[PDB]
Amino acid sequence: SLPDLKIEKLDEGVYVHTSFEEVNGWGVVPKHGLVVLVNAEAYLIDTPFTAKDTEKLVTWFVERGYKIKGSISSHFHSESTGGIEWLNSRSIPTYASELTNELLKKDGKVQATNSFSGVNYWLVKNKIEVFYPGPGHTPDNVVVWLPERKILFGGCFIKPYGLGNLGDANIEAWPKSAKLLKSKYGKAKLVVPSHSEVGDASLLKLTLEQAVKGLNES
């Protein structure tokens, strides 16, 4: 009995989708992603944990007149890639970095159909930018910047209260990656983490501090 998928408007043209999964140690984990709307078309910023919630998400937008143009996954964990199988099965384009696809392949998981690399990649010119700050939460973690509304989807890289699951983390690299991210997006109005409430650019500094503290404790 999991909480239902939630879809809530965050700003003009930007929705937060929240899906839930039981993960041992944490209890039920809420996972936030975005849906970005440009001219009657929708881009998914992360997928829900499951095919079922991915279909629910897609259908909600389809029934409101939107065409699903693609999804992008911020890292390989299922909280961000759980819907790739379903989307690929509906011939909806999926994106992930080369690094993410390699970690999916290695895990016996279905890969995104489209991949990219480099420090930054424009999923949609002037509207949706993918940025790779370096390894942290995972080796492949990327963020998504919406320059018009100044909204940064930080995913699991933004960890302002504690770093969380270190199983796939690069504790030595995270402070350098977090300094770079803070430098890059200090102009953010909103910063959307995966598992906690939306905040402002202070989440970037708080994440850096947590990364430093975690390195110094290792």
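We number the residues from 1 along the sequence you see.
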* Select between 197-205 and 21-29 the stretch whose C-alpha atoms have the higher average B-factor in the entry. => 21-29
* Which wins on mean Cα temperature factor, 104-112 or 89-97? -> 104-112
* Most elevated Cα B-factor in the entry, residues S78, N120, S74, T138 -> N120
* **Chain thirds of CA B-factor: placement of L166** => highest
* Structure fact -> So, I128's CA B-factor, relative to its chain, sits in which third? The middle
* Asked: Hey, what third does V38 fall into on Cα B-factor, ranked over its chain?
  -> highest
* **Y66 - Cα temperature factor, lowest/middle/highest third of chain** => highest
* For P175, the third of its chain into which the C-alpha B factor falls -> middle
